[PDB]
Each structure stands twice: as structure tokens, then as C-alpha cells.
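Quick look at start_39.txt (compact mmCIF, C-alpha atoms and all ligand atoms):
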# COMPACT_ATOMS: atom_id res chain seq x y z
CA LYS A 14 -26.54 -29.54 0.33
CA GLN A 15 -25.76 -26.32 -1.68
CA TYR A 16 -24.03 -25.90 -5.02
CA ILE A 17 -23.52 -23.80 -8.09
CA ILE A 18 -25.98 -24.29 -10.95
CA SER A 19 -24.57 -21.70 -13.37
CA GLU A 20 -22.20 -18.71 -13.66
CA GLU A 21 -23.22 -16.04 -16.25
CA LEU A 22 -20.72 -13.42 -17.26
CA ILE A 23 -22.14 -9.93 -16.72
CA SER A 24 -19.08 -7.73 -17.47
CA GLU A 25 -15.39 -8.53 -17.97
CA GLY A 26 -12.47 -6.09 -17.70
CA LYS A 27 -8.78 -6.64 -18.08
CA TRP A 28 -8.38 -7.62 -14.41
CA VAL A 29 -11.84 -8.05 -12.79
CA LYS A 30 -15.17 -9.47 -13.87
CA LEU A 31 -18.69 -9.63 -12.54
CA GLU A 32 -20.91 -12.76 -12.71
CA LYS A 33 -24.51 -13.69 -12.01
CA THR A 34 -24.27 -16.84 -9.99
CA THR A 35 -27.16 -19.27 -9.79
CA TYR A 36 -27.06 -21.75 -6.95
CA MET A 37 -29.20 -24.26 -5.08
CA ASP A 38 -30.18 -23.26 -1.54
CA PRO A 39 -30.58 -25.90 1.18
CA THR A 40 -34.46 -25.89 1.04
CA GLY A 41 -34.01 -26.94 -2.63
CA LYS A 42 -34.91 -23.52 -4.08
CA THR A 43 -32.82 -21.85 -6.89
CA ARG A 44 -31.33 -18.38 -5.95
CA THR A 45 -28.90 -15.87 -7.51
CA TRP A 46 -25.93 -13.90 -6.21
CA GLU A 47 -23.72 -11.21 -7.75
CA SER A 48 -20.11 -12.47 -7.74
CA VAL A 49 -16.77 -10.81 -8.34
CA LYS A 50 -13.79 -12.68 -9.75
CA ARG A 51 -10.34 -11.88 -11.05
CA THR A 52 -9.50 -12.67 -14.68
CA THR A 53 -5.87 -13.51 -13.86
CA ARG A 54 -6.22 -16.86 -12.04
CA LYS A 55 -4.70 -19.75 -14.08
CA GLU A 56 -3.44 -22.89 -12.19
CA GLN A 57 -2.42 -20.93 -9.03
CA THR A 58 -3.77 -22.49 -5.84
CA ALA A 59 -4.87 -18.90 -5.01
CA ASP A 60 -4.90 -15.48 -6.58
CA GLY A 61 -2.26 -13.97 -4.39
CA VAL A 62 -0.06 -14.04 -1.32
CA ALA A 63 0.12 -11.81 1.73
CA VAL A 64 3.33 -12.00 3.74
CA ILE A 65 3.55 -11.80 7.57
CA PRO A 66 7.23 -10.62 7.81
CA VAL A 67 8.68 -10.97 11.30
CA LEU A 68 11.81 -8.88 11.46
CA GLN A 69 14.23 -10.39 14.04
CA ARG A 70 17.35 -8.60 15.29
CA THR A 71 19.63 -9.19 18.17
CA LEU A 72 18.78 -6.94 21.13
CA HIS A 73 15.64 -5.66 19.36
CA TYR A 74 11.99 -6.42 19.94
CA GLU A 75 10.52 -8.38 16.92
CA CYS A 76 8.85 -6.13 14.37
CA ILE A 77 6.05 -6.83 11.89
CA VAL A 78 6.98 -5.30 8.51
CA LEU A 79 4.07 -3.52 6.81
CA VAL A 80 3.61 -1.45 3.69
CA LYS A 81 1.67 1.74 3.02
CA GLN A 82 0.47 2.43 -0.53
CA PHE A 83 -2.14 4.35 -2.41
CA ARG A 84 -5.06 2.02 -3.33
CA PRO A 85 -7.19 3.34 -6.14
CA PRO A 86 -10.32 1.31 -5.07
CA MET A 87 -10.15 2.89 -1.68
CA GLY A 88 -9.32 6.43 -2.87
CA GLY A 89 -6.50 6.71 -0.37
CA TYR A 90 -3.56 5.17 1.50
CA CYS A 91 -3.76 1.79 3.22
CA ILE A 92 -1.47 -0.09 5.57
CA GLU A 93 -1.23 -3.82 4.66
CA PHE A 94 0.94 -6.87 4.86
CA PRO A 95 3.27 -7.02 1.79
CA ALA A 96 1.32 -8.78 -0.93
CA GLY A 97 0.94 -9.49 -4.60
CA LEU A 98 -0.59 -11.84 -7.11
CA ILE A 99 1.08 -15.19 -7.76
CA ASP A 100 2.69 -15.35 -11.23
CA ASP A 101 1.74 -18.33 -13.45
CA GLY A 102 3.85 -21.36 -12.42
CA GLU A 103 5.17 -19.62 -9.36
CA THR A 104 4.79 -21.27 -5.94
CA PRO A 105 3.05 -19.33 -3.11
CA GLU A 106 6.31 -19.36 -1.14
CA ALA A 107 8.40 -17.99 -4.02
CA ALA A 108 5.73 -15.37 -4.68
CA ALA A 109 5.86 -14.34 -0.99
CA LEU A 110 9.59 -14.05 -0.85
CA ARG A 111 9.63 -12.18 -4.12
CA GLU A 112 6.89 -9.71 -3.22
CA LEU A 113 8.47 -9.12 0.22
CA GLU A 114 11.80 -8.29 -1.45
CA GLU A 115 10.18 -6.10 -4.16
CA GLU A 116 8.01 -4.15 -1.69
CA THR A 117 10.37 -3.85 1.31
CA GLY A 118 13.89 -4.79 0.22
CA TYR A 119 14.11 -7.55 2.78
CA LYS A 120 15.17 -11.11 2.06
CA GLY A 121 13.14 -13.40 4.22
CA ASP A 122 13.15 -17.12 5.16
CA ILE A 123 9.98 -19.11 4.88
CA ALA A 124 8.34 -20.11 8.14
CA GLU A 125 4.84 -21.35 7.27
CA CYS A 126 2.36 -21.21 4.47
CA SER A 127 -1.37 -21.27 4.90
CA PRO A 128 -3.94 -23.05 2.76
CA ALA A 129 -5.79 -20.78 0.38
CA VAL A 130 -7.96 -18.42 2.47
CA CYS A 131 -10.82 -16.18 1.24
CA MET A 132 -10.62 -12.46 1.01
CA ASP A 133 -14.29 -11.43 1.07
CA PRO A 134 -16.34 -14.56 0.34
CA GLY A 135 -19.81 -12.86 0.28
CA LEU A 136 -18.53 -10.72 -2.63
CA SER A 137 -15.67 -12.42 -4.46
CA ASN A 138 -13.93 -15.71 -5.10
CA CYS A 139 -10.55 -14.08 -4.35
CA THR A 140 -8.10 -16.09 -2.30
CA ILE A 141 -4.58 -15.80 -0.96
CA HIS A 142 -1.99 -17.82 0.86
CA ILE A 143 -0.82 -16.14 4.04
CA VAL A 144 2.94 -16.79 4.17
CA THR A 145 4.80 -16.25 7.45
CA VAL A 146 8.39 -15.29 6.84
CA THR A 147 11.17 -14.38 9.25
CA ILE A 148 13.73 -11.75 8.33
CA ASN A 149 17.18 -12.03 9.88
CA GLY A 150 17.85 -8.34 10.32
CA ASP A 151 21.40 -8.99 11.49
CA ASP A 152 22.35 -10.35 8.05
CA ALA A 153 24.22 -7.81 5.87
CA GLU A 154 21.72 -8.41 3.00
CA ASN A 155 19.03 -6.91 5.26
CA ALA A 156 21.08 -3.97 6.57
CA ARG A 157 20.02 -1.20 4.20
CA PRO A 158 16.91 -2.71 2.49
CA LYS A 159 15.69 -0.80 -0.65
CA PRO A 160 12.34 -1.71 -2.33
CA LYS A 161 12.54 -2.92 -5.99
CA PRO A 162 9.07 -1.66 -6.95
CA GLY A 163 7.67 -2.65 -10.38
CA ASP A 164 6.06 -0.23 -12.83
CA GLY A 165 3.34 1.83 -11.11
CA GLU A 166 4.30 0.42 -7.67
CA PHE A 167 4.97 3.07 -5.00
CA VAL A 168 5.43 1.51 -1.60
CA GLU A 169 6.46 2.83 1.84
CA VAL A 170 7.74 0.42 4.52
CA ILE A 171 6.52 0.67 8.15
CA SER A 172 8.04 -1.68 10.68
CA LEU A 173 6.20 -1.84 14.00
CA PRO A 174 6.94 -3.77 17.18
CA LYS A 175 4.99 -6.93 17.51
CA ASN A 176 4.61 -6.30 21.26
CA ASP A 177 2.68 -3.02 20.66
CA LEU A 178 1.27 -3.50 17.20
CA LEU A 179 -2.41 -2.58 17.79
CA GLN A 180 -1.53 0.64 19.64
CA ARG A 181 1.01 1.63 17.08
CA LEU A 182 -1.47 1.11 14.26
CA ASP A 183 -4.04 3.17 16.23
CA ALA A 184 -1.47 5.98 16.56
CA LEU A 185 -0.86 5.95 12.82
CA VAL A 186 -4.66 6.10 12.15
CA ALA A 187 -5.08 8.96 14.70
CA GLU A 188 -2.39 11.09 12.86
CA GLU A 189 -3.36 10.88 9.17
CA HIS A 190 -6.17 9.75 6.87
CA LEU A 191 -5.30 6.12 6.18
CA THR A 192 -7.03 2.77 6.45
CA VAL A 193 -5.61 -0.28 8.11
CA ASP A 194 -6.23 -3.58 6.39
CA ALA A 195 -8.60 -6.02 8.04
CA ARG A 196 -6.07 -8.85 8.10
CA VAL A 197 -3.43 -6.65 9.74
CA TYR A 198 -5.97 -5.44 12.29
CA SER A 199 -7.11 -8.98 13.03
CA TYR A 200 -3.50 -10.06 13.54
CA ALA A 201 -2.87 -7.05 15.82
CA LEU A 202 -6.05 -7.74 17.84
CA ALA A 203 -5.10 -11.42 18.44
CA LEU A 204 -1.62 -10.26 19.62
CA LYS A 205 -3.49 -8.14 22.23
CA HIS A 206 -5.96 -10.90 23.09
CA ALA A 207 -3.16 -13.43 23.56
CA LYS B 14 0.88 12.75 -3.61
CA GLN B 15 -1.61 10.30 -5.21
CA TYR B 16 -5.31 10.87 -5.72
CA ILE B 17 -8.40 10.02 -7.70
CA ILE B 18 -9.21 12.13 -10.76
CA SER B 19 -12.35 10.35 -12.06
CA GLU B 20 -14.42 7.20 -11.68
CA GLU B 21 -16.19 5.71 -14.65
CA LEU B 22 -19.10 3.35 -14.08
CA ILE B 23 -18.53 0.12 -16.05
CA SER B 24 -21.44 -1.99 -14.78
CA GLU B 25 -23.88 -1.80 -11.89
CA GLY B 26 -25.84 -4.61 -10.36
CA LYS B 27 -28.25 -4.65 -7.43
CA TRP B 28 -25.48 -5.22 -4.89
CA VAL B 29 -22.14 -4.56 -6.64
CA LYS B 30 -20.68 -2.26 -9.31
CA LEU B 31 -17.44 -2.23 -11.32
CA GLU B 32 -15.72 1.13 -12.00
CA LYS B 33 -12.64 2.25 -13.90
CA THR B 34 -10.77 4.63 -11.60
CA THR B 35 -8.40 7.17 -13.05
CA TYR B 36 -5.70 8.34 -10.61
CA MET B 37 -2.50 10.34 -10.48
CA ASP B 38 0.58 8.25 -9.83
CA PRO B 39 3.35 9.91 -7.82
CA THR B 40 5.59 10.51 -10.88
CA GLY B 41 2.89 12.84 -12.35
CA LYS B 42 1.52 10.13 -14.73
CA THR B 43 -2.22 9.33 -15.04
CA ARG B 44 -3.18 5.66 -14.58
CA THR B 45 -6.30 3.51 -14.42
CA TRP B 46 -7.50 0.78 -12.07
CA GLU B 47 -10.45 -1.63 -12.16
CA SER B 48 -12.31 -1.15 -8.87
CA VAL B 49 -15.26 -2.91 -7.23
CA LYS B 50 -17.72 -1.18 -4.92
CA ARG B 51 -20.94 -2.13 -3.15
CA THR B 52 -24.09 -0.21 -4.05
CA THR B 53 -25.38 -0.47 -0.45
CA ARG B 54 -23.20 1.97 1.54
CA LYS B 55 -24.99 4.99 3.09
CA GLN B 57 -22.52 4.21 7.37
CA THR B 58 -18.97 4.12 8.85
CA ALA B 59 -18.23 0.98 6.83
CA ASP B 60 -20.08 -1.56 4.68
CA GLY B 61 -20.19 -4.33 7.30
CA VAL B 62 -19.22 -5.68 10.66
CA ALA B 63 -17.33 -8.83 11.52
CA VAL B 64 -17.66 -10.11 15.06
CA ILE B 65 -14.85 -11.84 17.04
CA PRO B 66 -17.10 -13.69 19.55
CA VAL B 67 -15.25 -14.93 22.58
CA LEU B 68 -17.41 -17.63 24.25
CA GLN B 69 -16.53 -17.74 27.96
CA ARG B 70 -17.75 -20.69 30.04
CA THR B 71 -16.33 -21.42 33.39
CA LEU B 72 -14.24 -24.62 33.64
CA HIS B 73 -14.08 -24.78 29.84
CA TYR B 74 -11.58 -23.48 27.36
CA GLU B 75 -12.44 -20.07 25.94
CA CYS B 76 -13.80 -20.53 22.40
CA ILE B 77 -14.04 -18.34 19.34
CA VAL B 78 -17.47 -18.74 17.75
CA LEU B 79 -17.32 -19.12 13.93
CA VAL B 80 -19.86 -19.72 11.22
CA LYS B 81 -19.91 -21.99 8.23
CA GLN B 82 -21.99 -21.11 5.17
CA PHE B 83 -22.18 -21.76 1.46
CA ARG B 84 -20.74 -18.75 -0.36
CA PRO B 85 -21.88 -18.44 -3.94
CA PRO B 86 -18.86 -16.41 -5.13
CA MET B 87 -16.59 -19.07 -3.71
CA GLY B 88 -18.59 -22.01 -5.07
CA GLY B 89 -18.28 -23.72 -1.69
CA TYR B 90 -18.41 -23.56 2.08
CA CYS B 91 -16.36 -21.06 4.14
CA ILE B 92 -15.55 -20.68 7.79
CA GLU B 93 -15.83 -17.05 8.91
CA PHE B 94 -16.41 -14.67 11.80
CA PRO B 95 -20.13 -13.89 12.15
CA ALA B 96 -20.74 -10.90 9.94
CA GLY B 97 -23.18 -8.81 7.94
CA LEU B 98 -23.75 -5.40 6.36
CA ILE B 99 -24.59 -2.46 8.69
CA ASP B 100 -28.26 -1.36 8.34
CA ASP B 101 -28.88 2.28 7.34
CA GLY B 102 -28.91 4.24 10.64
CA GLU B 103 -27.43 1.36 12.68
CA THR B 104 -24.26 1.75 14.74
CA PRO B 105 -21.42 -0.80 14.16
CA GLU B 106 -21.82 -2.05 17.75
CA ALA B 107 -25.52 -2.61 17.30
CA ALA B 108 -24.95 -4.37 13.97
CA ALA B 109 -22.45 -6.64 15.71
CA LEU B 110 -24.77 -7.79 18.43
CA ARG B 111 -27.59 -8.18 16.00
CA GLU B 112 -25.60 -10.20 13.48
CA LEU B 113 -24.11 -12.35 16.22
CA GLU B 114 -27.58 -13.20 17.49
CA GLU B 115 -29.06 -13.88 14.06
CA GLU B 116 -26.16 -16.04 12.93
CA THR B 117 -25.34 -17.90 16.20
CA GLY B 118 -28.17 -17.31 18.70
CA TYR B 119 -25.68 -15.86 21.21
CA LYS B 120 -26.20 -12.63 23.12
CA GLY B 121 -22.93 -10.94 23.70
CA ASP B 122 -21.41 -7.84 25.21
CA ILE B 123 -19.26 -5.35 23.34
CA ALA B 124 -15.58 -5.38 24.32
CA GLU B 125 -14.05 -3.15 21.66
CA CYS B 126 -14.67 -1.90 18.13
CA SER B 127 -12.12 -1.23 15.42
CA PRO B 128 -12.12 1.71 13.06
CA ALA B 129 -13.22 0.97 9.51
CA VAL B 130 -10.65 -1.47 8.03
CA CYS B 131 -10.39 -2.58 4.40
CA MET B 132 -11.28 -5.98 3.06
CA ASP B 133 -9.31 -6.24 -0.17
CA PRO B 134 -8.06 -2.74 -1.06
CA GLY B 135 -6.36 -3.73 -4.37
CA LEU B 136 -9.75 -4.81 -5.60
CA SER B 137 -12.56 -3.04 -3.74
CA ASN B 138 -13.51 -0.21 -1.42
CA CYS B 139 -15.14 -2.65 0.97
CA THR B 140 -14.72 -1.99 4.65
CA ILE B 141 -15.83 -3.39 7.95
CA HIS B 142 -15.62 -2.73 11.64
CA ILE B 143 -14.16 -5.68 13.55
CA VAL B 144 -16.07 -5.86 16.82
CA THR B 145 -14.76 -7.95 19.69
CA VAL B 146 -17.64 -9.34 21.78
CA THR B 147 -17.59 -11.56 24.81
CA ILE B 148 -20.36 -14.11 25.39
CA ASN B 149 -21.15 -15.26 28.92
CA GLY B 150 -21.91 -18.83 28.06
CA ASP B 151 -23.02 -19.57 31.66
CA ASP B 152 -25.97 -17.09 31.46
CA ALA B 153 -29.40 -18.56 30.89
CA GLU B 154 -29.99 -16.54 27.68
CA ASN B 155 -26.98 -18.36 26.07
CA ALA B 156 -27.98 -21.83 27.33
CA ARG B 157 -29.86 -22.91 24.20
CA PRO B 158 -28.81 -20.17 21.74
CA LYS B 159 -31.63 -19.51 19.18
CA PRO B 160 -30.11 -18.61 15.68
CA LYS B 161 -32.58 -16.49 13.68
CA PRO B 162 -31.66 -16.86 9.98
CA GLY B 163 -33.01 -14.20 7.66
CA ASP B 164 -34.38 -15.16 4.23
CA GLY B 165 -31.73 -17.12 2.27
CA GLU B 166 -29.21 -17.44 5.13
CA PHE B 167 -28.30 -20.95 6.21
CA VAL B 168 -25.62 -20.79 8.89
CA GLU B 169 -23.83 -23.51 10.89
CA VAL B 170 -22.10 -22.55 14.15
CA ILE B 171 -18.59 -23.91 14.87
CA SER B 172 -16.99 -23.09 18.23
CA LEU B 173 -13.29 -23.68 18.50
CA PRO B 174 -10.95 -23.27 21.41
CA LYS B 175 -8.99 -19.96 21.22
CA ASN B 176 -5.83 -21.65 22.59
CA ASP B 177 -5.55 -24.12 19.66
CA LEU B 178 -7.39 -22.11 17.02
CA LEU B 179 -4.91 -22.37 14.17
CA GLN B 180 -4.46 -26.16 14.49
CA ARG B 181 -8.21 -26.67 14.72
CA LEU B 182 -8.83 -24.67 11.55
CA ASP B 183 -6.06 -26.47 9.63
CA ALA B 184 -7.78 -29.70 10.69
CA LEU B 185 -11.15 -28.62 9.30
CA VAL B 186 -9.54 -27.59 6.02
CA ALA B 187 -7.77 -31.00 5.75
CA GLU B 188 -10.88 -33.11 6.52
CA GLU B 189 -13.95 -31.06 5.50
CA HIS B 190 -12.67 -29.30 2.22
CA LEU B 191 -13.71 -25.84 3.52
CA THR B 192 -12.10 -22.40 2.94
CA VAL B 193 -11.11 -20.44 6.04
CA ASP B 194 -11.54 -16.69 5.92
CA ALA B 195 -8.33 -14.61 5.79
CA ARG B 196 -9.26 -12.54 8.78
CA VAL B 197 -10.05 -15.62 10.89
CA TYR B 198 -6.76 -17.21 9.72
CA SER B 199 -4.76 -14.01 10.49
CA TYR B 200 -6.25 -13.88 14.01
CA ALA B 201 -5.41 -17.57 14.52
CA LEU B 202 -1.83 -17.08 13.34
CA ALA B 203 -1.26 -14.19 15.72
CA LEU B 204 -2.60 -16.24 18.69
CA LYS B 205 0.27 -18.66 17.95
CA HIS B 206 2.85 -15.95 17.11
CA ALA B 207 2.24 -13.92 20.33
CA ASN B 208 4.92 -13.53 23.05
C1 LIG C 1 -27.26 -9.35 1.48
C2 LIG C 1 -26.61 -9.55 0.14
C3 LIG C 1 -27.15 -10.46 -0.78
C4 LIG C 1 -26.53 -10.69 -2.00
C5 LIG C 1 -25.34 -10.03 -2.35
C6 LIG C 1 -24.73 -10.31 -3.67
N1 LIG C 1 -23.42 -9.96 -3.89
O1 LIG C 1 -25.39 -10.86 -4.57
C7 LIG C 1 -24.79 -9.10 -1.43
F1 LIG C 1 -23.64 -8.48 -1.71
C8 LIG C 1 -25.43 -8.84 -0.18
CL CL C 2 -11.71 -10.42 24.69
MG MG C 3 1.55 -5.52 -3.58
MG MG C 4 4.12 -6.03 -5.63
MG MG C 5 -23.48 -12.91 7.45
MG MG C 6 -26.98 -12.34 9.14
In C-alpha cells, what does this structure look like?
Amino acid sequence: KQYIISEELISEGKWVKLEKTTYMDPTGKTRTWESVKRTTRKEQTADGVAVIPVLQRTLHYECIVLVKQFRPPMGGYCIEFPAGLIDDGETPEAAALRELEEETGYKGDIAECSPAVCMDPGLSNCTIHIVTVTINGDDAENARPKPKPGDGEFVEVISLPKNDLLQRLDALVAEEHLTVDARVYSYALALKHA
Amino acid sequence: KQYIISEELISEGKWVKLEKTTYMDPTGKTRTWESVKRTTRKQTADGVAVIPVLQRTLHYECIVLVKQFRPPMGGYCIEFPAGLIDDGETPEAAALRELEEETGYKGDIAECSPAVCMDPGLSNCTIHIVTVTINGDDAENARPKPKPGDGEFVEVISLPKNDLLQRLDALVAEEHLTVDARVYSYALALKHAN
């Protein structure tokens, strides 16, 4: 029933733009919405990837590998899955493995790749693939992992046990001013609920 | 180590604004970022998202989701019930209210997250994730009455919690919909648990 009638550019930066979206509502009336988009999306099936990195080691509980970084939009530090935008011509899987290595040092193995999922669909058109990757932490390549951060990238790695993820995130949030990402929290809550 | 120095307004709509954030990188070098913010925040967070656990005896437990046209996305999305927190409303109260408006169901609060970020590389948007159980055997949830506000047109989709990820993948394959990243993350963790 509903569809886009027009998309008017309001303001365009280097990385983000704002649009006035006109669409048809299901009564058959014309309405508008204010829409955010990135300027960087070419033929990628999504803007970015987020990586769910399951660190697996003999005689260890499985860990979920997370990253903590300063996020200028938030004005502070956030804890997130490793993530980055997909380069032009790059597959979501390659992007995931690459970002995981750049941000954490680990070399993962693909497990699964989601369809493109929406980040905040009432506000933006931004999408990611969620890429599950296992990390064989007994491999020598993954012994002493060092991030290879790009220019202006400054990332801390936090590995937390899957079997206590929600409580461990709560204990990090109780100790310092930081925000947990909604996808991480959702993942941690389902682990509890399961 | 890192912090915001200044925020320059680039463009302000009714609902959303774009800013250029200047911040101090950890090397001592000043950098800029293009940031999105809502103009509606007063509150602990911008919004709530509700994880509604529909419990009916002799039935599988279901997660209650909503399908709506999202103008920024140009199409239909499958999401947790959700909306912005009214000025002077608690996140819990927003959760039960939005759940009723969007689904007709009357639930009970199970737990409430701290404010968590939606897309912190792009925006300052935050929500509380509120877990709510719904006694589907109670008379008030027999014929749930969804009360759409002006310009909301919401379909309710209840999926079994135990097969959530496969059921969502199926909707994406058949119905050309976009699943929300938080919903997808929750679904992944249900499978990844134990
Ligand atoms: C309730 C509401 C309605 C429209 C918008 C919009 N972005 O145009 C919003 F962010 C919130
Ligand atoms: Cl529950
Ligand atoms: Mg990143
Ligand atoms: Mg990166
Ligand atoms: Mg809503
Ligand atoms: Mg609503």
C-alpha cells in the first residue's frame, strides 16, 4: 500500500545527508518524513558490517569479543561489536573479517552472514550485515592479537564470557561512564532469556 | 583521553538535526565528525523498544513484532514495538503504552535496560530496551485492540521465540522486508546460547 513519492535533498555533508521524504500513507494521503542517509553507499548490499566474534579456546568458556571506542556523536565511549563500512566492491564477509582483524587483531572464520538489517529505520536508511565469525584462539595467529587501527581509529578490545555477558556488561556500565550498544545489549539479553 | 570541543549546527529540521562535531583524538590532534541528533530529547533516552514475550499455555512462547512502512528505508521493516518517550514519562510507562498502541497487548514489565545506543558512529540516538511479558490467556489480551496514533499503520507479527531466527529469514526471503538489527541480534543469540 505505501511508497515513496519523492526524496528532496535538504543538506549534504561529506558523510551524511538529510532528506525530506514524501510518501503515500495507506489511507491514500501524502505525508512527509525527515530522513537520514549516508553519502558513501555505492553498490554495497548494505552500508556496513557488524561482527559477532565468538572466541573459542580449549578449556575456556566461549567469549564474545567487543570493542570500546570514543564516538563523537555520542560524546563519549561506547561498547559495540567490531564494525565498519563496507568498501566499494568488497563482500560483507571480507569486510567483516577485515574489520575484525583491524579492530581486534584476531583472524576469524566466517560462520554466518545475515541479510541487510536496519539500524534505526524511523530515522535513517542505514543498514548492515551482521556477520557471525568464530575465532580459533588456540591458533598461533590469534595468540598475541594486536589491532591494526586505521587513521583516527583508537580501539580497545574487551572479551567477555558468553555465559555471563549481560552481567559483565552491567558491571562495566556500573564502573564508568560508557554506553552499551543496542545490538550488543539485545544479544546479551537473548543469551539470558535462552 | 578523548572529548568534544565544539558542536556546530549544520541543519535543523522539525525532528532531526545534523551537526559537525569537533573532538580531540587521543594523539592530541583535533578532528571533526558529522553527527545526527534528534531535536525531541528532554528523558533518559530518546525512545523505548519493547521485547514482548507472549505467553500462552500449551502454545510456544512468541515474540511479538511489528511491521510498518518506514519512509527513510523506502520499504517495510520488521521491528520490536517502539516509540519515543513522552516528556515526563518513565521508560517503563512508555514501553507499556507503546506496546498497547502498536499491538493491543497489555503486558507486565520484566526488566529495563540502561540507555543503549542505536548507531553511535552516526547519531546520539538512544533507547531503553524493555522486556515485557504478556499473559495471552488473560481476557484483556483475548482480542488485543491496537490504537494507532495519527499516521501510524502497524501490522502485528508474532513469531515463536524457539525458532525466531529461521522464521525471520523466511519472511525476508518471501516478503522482501528488512528486519531490524536489534531484532536480528536477539534472534541470533537465541540460537547461539548454550
Ligand atoms: C514521531 C516522528 C515523526 C516523524 C519523524 C521524522 N524523522 O520525520 C520522527 F523522527 C518522529
Ligand atoms: Cl522474559
Ligand atoms: Mg569500526
Ligand atoms: Mg574500522
Ligand atoms: Mg513505533
Ligand atoms: Mg506508537
Calculate how many Å separate CA of residue 188 in chain A from CA of residue 73 in chain A, rounding to one decimal.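 CA of residue 73 in chain A lies at a distance of 25.5 Å from CA of residue 188 in chain A.
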My list of candidates is B:127, B:82, B:57, B:117. Which is closest to residue 193 in chain A when distances are computed with all atoms listed in the file? B:127
Kindly provide, as a list in words, all nucleotide and amino acid residues lying within 9 Å of ligand MG 3 (chain C), counting all atoms listed in the file.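 What falls inside 9 Å of ligand MG 3 (chain C) is residues 62, 63, 80, 82, 93, 94, 95, 96, 97, 98, 112, 113, 115, 116, 166 and 168 of chain A; 135 of chain B.
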Hey, what's within 9 Å of residue 19 in chain A if we count all atoms listed in the file and toss same-chain stuff fewer than 2 positions away? As a ChimeraX atom specification, please? /A:17,21,33-36
Per residue of chain B within 9 Å of ligand MG 6 (chain C), note the shortest atom pair and the distance in Å to one decimal, counting all atoms listed in the file, and order the rows by chain and increasing residue number, as CSV.
residue,atom,partner,partner_atom,distance
B:95,CA,C:MG6,MG,7.6
B:96,CA,C:MG6,MG,6.5
B:97,CA,C:MG6,MG,5.3
B:98,CA,C:MG6,MG,8.1
B:111,CA,C:MG6,MG,8.0
B:112,CA,C:MG6,MG,5.0
B:113,CA,C:MG6,MG,7.6
B:114,CA,C:MG6,MG,8.4
B:115,CA,C:MG6,MG,5.6
B:116,CA,C:MG6,MG,5.4
B:161,CA,C:MG6,MG,8.3
B:162,CA,C:MG6,MG,6.6
B:163,CA,C:MG6,MG,6.5
B:166,CA,C:MG6,MG,6.9
B:168,CA,C:MG6,MG,8.6
Nearest to ligand MG 5 (chain C), chosen from A:197, A:134, A:206, A:186, with only C-alpha atoms and all ligand atoms counted in the distances: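 Among the listed residues, A:134 lies closest to ligand MG 5 (chain C).
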Under the rule that only C-alpha atoms are counted, which of B:108, B:22, B:202, B:49 is the nearest residue to residue 139 in chain B?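 When distances to residue 139 in chain B are compared using only C-alpha atoms, the smallest one comes from B:49.
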Using Å and a single decimal, report how far CA of residue 58 in chain B sits from CA of residue 104 in chain B.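 Computing it gives 8.3 Å between the two atoms.
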If you count all atoms listed in the file, which residues end up within 8 Å of ligand CL 2 (chain C), as an MDAnalysis selection string? (chainID A and resid 206) or (chainID B and resid 67 124 145:147)
Using only C-alpha atoms and a cutoff of 12 Å, can you tell me which residues are near (-30.6, -7.5, -8.7) in the file's coordinates, and write them out as a PyMOL selection string? (chain A and resi 23+32-34+44-48) or (chain B and resi 25-30+52)
Centre, x/y/z edge lengths, axis-aligned box for range 57-61 of chain B with 5 Å per side, as lines of an AutoDock Vina configuration file:
center_x = -20.4
center_y = -0.1
center_z = 6.8
size_x = 14.3
size_y = 18.5
size_z = 14.2
Considering all atoms listed in the file, state which residue in the set A:52, A:199, A:40, A:172 is at the smallest distance from chain B.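 Residue with the minimum atom-to-atom distance to chain B: A:199.
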Just want the 9 Å neighbourhood of residue 177 in chain B, counted on all atoms listed in the file, with same-chain residues fewer than 5 positions away dropped. Output as a list in words. residues 182, 201, 204 and 205 of chain B
Quick one: residues within 10 Å of residue 182 in chain A, only C-alpha atoms counted, chain neighbours fewer than 2 positions away excluded, as a ChimeraX atom specification? /A:92,173,177-180,184-187,192-193,197-198,201
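Between ligand LIG 1 (chain C) and the residues B:61, B:206, B:72, B:40, the shortest atom-to-atom distance, using all atoms listed in the file, involves B:61.
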Between A:109, A:171, A:153, A:136, which is the closest to chain B once you count all atoms listed in the file?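 Of A:109, A:171, A:153, A:136, the one nearest chain B, counting all atoms listed in the file, is A:136.
Of note, CA of residue 126 in chain B and CA of residue 105 in chain B are spaced 7.9 Å apart.
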